[PDB]
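*Asks:*
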Amino acid sequence: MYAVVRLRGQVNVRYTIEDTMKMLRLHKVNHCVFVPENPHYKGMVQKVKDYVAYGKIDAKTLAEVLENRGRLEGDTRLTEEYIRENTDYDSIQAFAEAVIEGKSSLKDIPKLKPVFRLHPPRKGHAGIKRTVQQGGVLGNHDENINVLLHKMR
Amino acid sequence: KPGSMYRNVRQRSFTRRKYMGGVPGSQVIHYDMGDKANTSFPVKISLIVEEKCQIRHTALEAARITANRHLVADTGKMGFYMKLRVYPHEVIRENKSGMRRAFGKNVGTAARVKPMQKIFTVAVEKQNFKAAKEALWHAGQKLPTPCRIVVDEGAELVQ
Amino acid sequence: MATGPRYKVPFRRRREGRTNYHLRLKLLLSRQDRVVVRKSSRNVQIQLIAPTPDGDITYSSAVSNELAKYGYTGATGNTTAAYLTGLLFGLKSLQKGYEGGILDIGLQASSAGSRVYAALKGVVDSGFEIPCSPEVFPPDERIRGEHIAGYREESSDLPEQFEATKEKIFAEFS
Amino acid sequence: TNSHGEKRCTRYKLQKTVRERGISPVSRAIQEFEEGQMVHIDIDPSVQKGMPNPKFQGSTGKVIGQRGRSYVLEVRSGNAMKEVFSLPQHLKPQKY
RNA sequence: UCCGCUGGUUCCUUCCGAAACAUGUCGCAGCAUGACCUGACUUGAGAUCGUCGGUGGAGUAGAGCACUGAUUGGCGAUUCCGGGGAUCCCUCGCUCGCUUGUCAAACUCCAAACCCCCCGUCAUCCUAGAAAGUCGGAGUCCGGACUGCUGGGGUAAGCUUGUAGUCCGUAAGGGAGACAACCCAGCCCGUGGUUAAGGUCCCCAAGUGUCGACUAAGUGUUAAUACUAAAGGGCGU
RNA sequence: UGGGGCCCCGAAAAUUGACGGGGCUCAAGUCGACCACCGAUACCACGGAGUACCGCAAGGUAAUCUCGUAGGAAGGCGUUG
RNA sequence: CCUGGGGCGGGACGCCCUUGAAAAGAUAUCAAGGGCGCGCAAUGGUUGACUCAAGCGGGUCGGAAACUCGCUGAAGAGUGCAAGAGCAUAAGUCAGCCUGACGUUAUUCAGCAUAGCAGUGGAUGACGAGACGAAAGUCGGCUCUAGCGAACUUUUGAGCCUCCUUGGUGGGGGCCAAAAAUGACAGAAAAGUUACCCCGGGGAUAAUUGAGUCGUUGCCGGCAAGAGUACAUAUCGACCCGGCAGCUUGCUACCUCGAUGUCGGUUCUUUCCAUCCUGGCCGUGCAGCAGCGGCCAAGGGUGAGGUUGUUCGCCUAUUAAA
RNA sequence: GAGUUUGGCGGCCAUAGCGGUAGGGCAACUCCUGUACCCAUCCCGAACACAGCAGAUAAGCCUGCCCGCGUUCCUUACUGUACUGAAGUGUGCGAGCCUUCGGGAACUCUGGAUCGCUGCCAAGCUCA
Ligand SMILES: [Mg+2]
Ligand SMILES: [Mg+2]
Ligand SMILES: [Mg+2]
Ligand SMILES: [Mg+2]
Ligand SMILES: [Mg+2]
Ligand SMILES: [Mg+2]
Ligand SMILES: [Mg+2]
Ligand SMILES: [Mg+2]
Ligand SMILES: [Mg+2]
Numbered sequence: 001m002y003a004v005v006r007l008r009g010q011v012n013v014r015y016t017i018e019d020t021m022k023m024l025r026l027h028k029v030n031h032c033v034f035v036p037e038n039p040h041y042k043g044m045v046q047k048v049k050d051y052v053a054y055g056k057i058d059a060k061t062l063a064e065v066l067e068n069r070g071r072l073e074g075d076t077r078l079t080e081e082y083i084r085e086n087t088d089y090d091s092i093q094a095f096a097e098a099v100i101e102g103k104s105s106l107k108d109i110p111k112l113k114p115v116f117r118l119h120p121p122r123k124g125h126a127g128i129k130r131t132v133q134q135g136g137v138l139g140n141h142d143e144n145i146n147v148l149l150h151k152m153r
Numbered sequence: 004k005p006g007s008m009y010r011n012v013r014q015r016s017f018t019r020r021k022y023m024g025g026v027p028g029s030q031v032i033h034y035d036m037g038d039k040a041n042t043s044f045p046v047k048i049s050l051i052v053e054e055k056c057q058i059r060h061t062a063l064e065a066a067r068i069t070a071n072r073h074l075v076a077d078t079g080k081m082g083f084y085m086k087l088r089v090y091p092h093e094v095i096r097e098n099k111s112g113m114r115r116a117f118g119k120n121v122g123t124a125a126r127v128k129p130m131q132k133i134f135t136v137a138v139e140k141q142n143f144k145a146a147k148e149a150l151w152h153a154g155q156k157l158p159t160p161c162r163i164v165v166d167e168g169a170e171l172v173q
Numbered sequence: 001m002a003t004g005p006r007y008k009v010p011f012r013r014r015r016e017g018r019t020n021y022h023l024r025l026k027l028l029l030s031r032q033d034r035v036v037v038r039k040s041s042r043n044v045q046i047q048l049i050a051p052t053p054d055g056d057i058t059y060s061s062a063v064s065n066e067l068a069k070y071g072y073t074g075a076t077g078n079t080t081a082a083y084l085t086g087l088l089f090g091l092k093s094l095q096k097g098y099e100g101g102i103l104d105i106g107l108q109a110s111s112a113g114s115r116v117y118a119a120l121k122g123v124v125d126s127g128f129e130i131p132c133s134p135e136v137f138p139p140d141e142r143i144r145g146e147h148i149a150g151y152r153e154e155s156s157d158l159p160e161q162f163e164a165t166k167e168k169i170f171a172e173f174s
Numbered sequence: 002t003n004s005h006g007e008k009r010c011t012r013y014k015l016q017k018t019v020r021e022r023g024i025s026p027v028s029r030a031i032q033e034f035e036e037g038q039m040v041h042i043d044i045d046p047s048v049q050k051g052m053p054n055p056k057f058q059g060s061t062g063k064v065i066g067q068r069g070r071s072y073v074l075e076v077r078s079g080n081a082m083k084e085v086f087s088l089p090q091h092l093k094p095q096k097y
């Protein structure tokens, strides 16, 4: 599935792109969301390519993000016990594998906030004036969204 | 008026004869030069343009005159076939009050061009190739745009 | 006359020259059936046709050749043959379920005493409803046997045959 | 001054294709619609009568009723609803 | 006295927050009605700022000569409508066809990318009240700028008049030497932490950093920009 | 002979002077890449205030609340009686 | 009233078409091309019969100017008048019969996207009467989009209501429609001057100081056509092309109208170089003297008088140069 | 009950048109024979109308074919070219242009196809 991370703010931006962004739950820089791989989401992500990065996410990075920056209803940290007693998978790693396989989703965790609020990228990123093919950080990354996501643990 | 007054392409074309009025004539008399009835010149070089602009007809006439003189002086009267290509279809207008009803009136004619678009073409034998280059280099000196020379046919012969 | 890409070629039924589309547009505005009375030399044809986006479906189609069963052993190109054909067509269509429509003569001259108006007479006398006026209906003096009198006096066996065919037409369709 | 009549800026709007001029097909005039049936506005220049304002060209309305030989449509312009009368010769169904 | 014209109009916090535009006007320094802002109430289930697919509208960019106007030579004839000097002795332009070379804002046999109506789907909002409706109070009709449209006009202009988006007006804080509208960012108070734009010889926080070449002119050391010199030439490298 | 990079000539203005200044030459300039660090009220964490909506109250939710001129609305302070 | 200040000129002051206008809709300028303030009892309605423009071939002076016959001919014609669109068994041409160029009345659309605004027009209809046609159907003028005006007032048409205690006569008032006009066309009964002027405002708007631009002005460059008895370059330099300065005049309206004191001369100080003399060099169609052309150089010098307010310019005698 | 042929009314409206060529009429259409009657000519039984037997497939109509003009379609190149939506501290003295992600022609070129497809009904027939 995709991993959309916002990296530019919201001043001097078209209203169509802004409304697509708010429809994707992304309101602030350094915020991440996880969406399935279907043509609707593919087009929606294609329309905001110059303000977010994205790519294919693996099991390890998703499990790490869930264990670190997962909040419940009311700003309550997510723990192993919540996963092991609400859903059926043993630990965060098994649930992450199930989610990435498409056999499960993040809707199976009650009171889970859809948006993930990450930390600014340690060591600094490439730059928000160029796309990936130009030597920057915006645009499609393919499988290398894990490097940027791990950098923003 | 000066040359740079009407040389840029900033506005739409203005060429419909039946709507405007009183366009002055032209000076360029003949658009084909030299041996028209010959068709057996193995080398065919030409002068091309490096940038979009407008060329007045007077500049074209001066370039044609100078190229004709050089080519006839060196190559010979029957040893070439020069042919101008672009005809001036545009019309030039000069305001002449202040800005009150500032729309102008016809004063001349111009021929728009496009990058890498051929203007002149000279065909010669093998022995008069350098004279052809020498002739085409002076003609581009009267022209309002940077110009380069390309050998279209018989490149292997000369090169 | 296709000489270039701008040339305009007419419709297929206009190139054939067997239709008039302005008349067709005027006729379809009635929202109701049409009666077609196209004729030829060896016989006459009558049929009821209604429109559809694909084609023109037809419900009843009677032809003057059908008098051979009844016994109309006379000429099939006369007015009385047209009257007989129209009469049996009217009875057939009435019993079938359809009753009315509009008269449509196509690209033919509408002149009183014609075979088309003879067929119209045969239709109207049968009970098949149709809008018309009587002044164009041919008088029965030519209907019976008397439009061939002046050249075929040796053949005046018409009126008895006409009566027999009329009574047999009534007998079959009643 | 520019005029503001009812046929302004319709040089190409009210033209017919080169292999279309003349008598239009007649079956298009006898098509019949029911209530709540989406249709397309496509003005046929060959017919002079019963023509909506050409600003409704290319819009889609739904049929509301019939007045004689003309259907009543419900077209959206901007954020309003406009009721437009049009004979069935200018209309065209929606293929689902 | 009166003015559509000039100056002034006194305490605190909290919630929301514009228009500098259209039509009429003895109208142009004014006013009315509408768009846009705000408060209350009625009703009770959908709405579409966005994506994908389809039924439809194209006549702009580009391209081209098939219509309308122009346009360059060669060839063959108009045995004309025509100008050159008694069988019009014969020259022969305009014109008609085949080939070559150019065009069009009021040309089109063609023809996009944006865009608009509708259907289905996803997505967001919504009984803590969608869409619609009723009533109360206004301000506003001197705008300006940047990026696109070869926008129109003009020799050009930090000129004048349009249009899409976003801004200043009414926008802090960080960086550009200073900079209304340029880049990052839209901001309740206090403390800790990591980054963006941009930078790292000294002024000045952090590199006299790494790899491979170029320049010998103090050229340069100046994202955009109203602040930055051209044609032409050089056996300079 | 053709195609490219940088530089030179072409190149003249009025108070003394503007790469921001000092200065800078295998660079402290130009071109193609790369590494580390600095640097906001942005983003993360903790505590606090207010607001919006709900709840009988206790209290609950807020990534989807906290800029502001013309202007609309709500609650308070003060003077004399 | 509009107005690249006002004036003068004009009307972009009402209506209709094409482009500008950026392929939905909207969109400005004293933007480009323009037109209308009418004509017709047939140039109108319907049915029937036909096909037009232009060429080619033939016929008597029917001349390359006539009418007729045959062929090709989707339109190259005509349709009252601008532009654009429409039209072929026709919306065109001719013949027959006719007057729907009818009385009354309801919605919706545009004028006036979205999104209020007369009168008034155009599309569907309804009632009552007709014309043409076998019928279907067409007809609410002339194929579609221009040819026009509120309230109040007068006049005209059909029938009714009404005038103050009651009834009548004469005369008034009213309802519905038509005509008479406000072109500044959403509708005042309307000429000038002020340097004798007064008041309130404006840099929302001009003289000219400044800033921007450089058409024009001053000064150069590129190519060199040619002249120079031969020789483009001792000397002069065409056509075309490219610039610099802001020292002439224009263009714009960014600052200043609760005031930045105008032209010329005088006095005194300074800056630039694009060099008139003085210093140094190069070429020559440089014998000498003296010239002609160019390069470096801004240290010093650059005056006295007649006319004229003059700057500018003309003239006089000196001077190394004035 | 399936198919063929003929006839009429049609849908898409040149893939259907233009030109050329070889075959067919038994049932059917047509050509084709005349003017008593209804009907007709701005004159003409030309046409329309009526009355219809003769002969003919020379014409209309039907079947087969032709790339010779015009139209429609596919493929090779031109070419992911021209043009263009979004973002850019990318670049030019200037009029301008470049990089990334996403769309994407027109003519012309090599080679092939296109000389219509199709709906309703009736009649003669042809079978089980
Ligand atoms: Mg173009
Ligand atoms: Mg006001
Ligand atoms: Mg901006
Ligand atoms: Mg703002
Ligand atoms: Mg700031
Ligand atoms: Mg306030
Ligand atoms: Mg005035
Ligand atoms: Mg006096
Ligand atoms: Mg005063």
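Residue numbers (the entry's author numbering), protein chains in the order written: chain BX, 1 to 153; chain BI, 4 to 99, 111 to 173; chain BN, 1 to 174; chain BR, 2 to 97. Backbone N, C-alpha and C define an ideal beta-carbon position, used for all residues, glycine too.
#1: Please report how far the alpha carbon of residue 176/BN lies from the alpha carbon of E160/BN, in whole angstroms.
#2: How would you list, in chain order, the residues of chain BN whose beta-carbon sits under 7 Å from the beta-carbon of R22/BR?
#3: Does the beta carbon of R24/BN come closer than 8 Å to any beta carbon on chain BR?
#4: Taking the straight line between their C-alpha atoms, what separation do you get for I95/BI and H33/BI?
#5: Here's the rule: buried if 16 or more other CB atoms are within 10 angstroms of the residue's CB, otherwise exposed. What is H141/BX?
#6: Give the DSSP-derived three-state secondary structure of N120/BI in the structure shown.
#7: Which bits of chain BR does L28/BN rub up against, with CB to CB less than 9 Å?
#8: CB of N80/BR to nearest heavy atom of ligand 3: below 7 Å?
#9: Once you ignore the five residues that flank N86/BX on each side, which residues in its own chain have a CB closer than 7 Å to its CB?
#10: What are the complete alpha helix (DSSP H) segments, minimum 4 residues, inside the stretch 119 to 157 of chain BI?
#11: Can you tell me which residues form a DSSP beta bridge with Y2/BX?
#12: Please confirm whether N54/BR and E84/BR have their CB atoms less than 8 Å apart.
#13: Roughly how many angstroms lie between the CA atoms of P53/BN and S25/BR, to the nearest whole one?
#14: Can you find the residues in the same chain that come closer than 8 Å, C-beta to C-beta, to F86/BR, ignoring five residues on each side of it along the sequence?
#15: Using beta carbons (cut-off 8 Å, strictly below), is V85/BR in contact with chain BN?
#16: Tell me the DSSP bridge mates of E75/BR?
#17: Please work out which residues of its chain come closer than 6 Å, Cβ to Cβ, to residue 178/BN, disregarding the five sequence neighbours upstream and downstream, and give them in chain order.
#18: Starting from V73/BR, find everything on chain BN with Cβ-Cβ shorter than 7 Å and list it in chain order.
#19: Start and end of the beta strand (DSSP E) containing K166/BN?
#20: Determine, for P53/BN, whether the minimum Cβ-Cβ distance to residues of chain BR falls below 8 Å.
#21: Taking C-alpha atoms, which residue in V89/BI, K39/BI and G168/BI lies nearest to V127/BI?
#22: Would you report the Cα separation of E64/BI and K80/BI, rounded to the nearest angstrom?
#23: Terminal residues of the continuous beta strand (DSSP E) containing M23/BX?
#24: For a contact defined as C-beta to C-beta under 8 Å, what are the partners of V19/BR on chain BN?
#25: Judging by CA-CA distance, which residue of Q57/BI, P27/BI and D35/BI is the nearest neighbour of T159/BI?
#26: For residue 164/BX, which residues of its own chain have a beta-carbon under 6 Å away from its beta-carbon, when the five flanking residues on both sides are left out?
#27: Along the chain, where does the beta strand (DSSP E) that runs through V63/BN open and close?
#28: Is the CB-CB distance between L106/BX and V99/BX below 8 Å?
#29: Among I44/BR, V48/BR and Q49/BR, which one has its Cα closest to the Cα of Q58/BR?
*Replies:* Let me lay it out:
#1: This structure cannot settle anything about residue 176/BN, because the visible part of chain BN is limited to 1 through 174.
#2: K8
#3: yes
#4: 22 Å
#5: buried
#6: strand
#7: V27, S28, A30 and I31
#8: no
#9: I109 and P110
#10: 143 to 153
#11: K56/BX
#12: no
#13: 15 Å
#14: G51, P53, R68, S71, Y72, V73 and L74
#15: no
#16: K63/BR and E84/BR
#17: Because chain BN is modelled from 1 through 174, residue 178/BN falls outside the range shown and cannot be assessed.
#18: Within chain BN, no residue comes near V73/BR; the closest Cβ sits about 19 Å away, beyond 7 Å.
#19: Segment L158 to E172 is the alpha helix (DSSP H) holding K166/BN; no beta strand (DSSP E) there.
#20: yes
#21: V89/BI
#22: 19 Å
#23: Segment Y15 to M23 is the alpha helix (DSSP H) holding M23/BX; no beta strand (DSSP E) there.
#24: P5, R6 and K8
#25: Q57/BI
#26: With chain BX covering 1 to 153 only, the question about residue 164/BX has no answer from this structure.
#27: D56 to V63
#28: yes
#29: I44/BR
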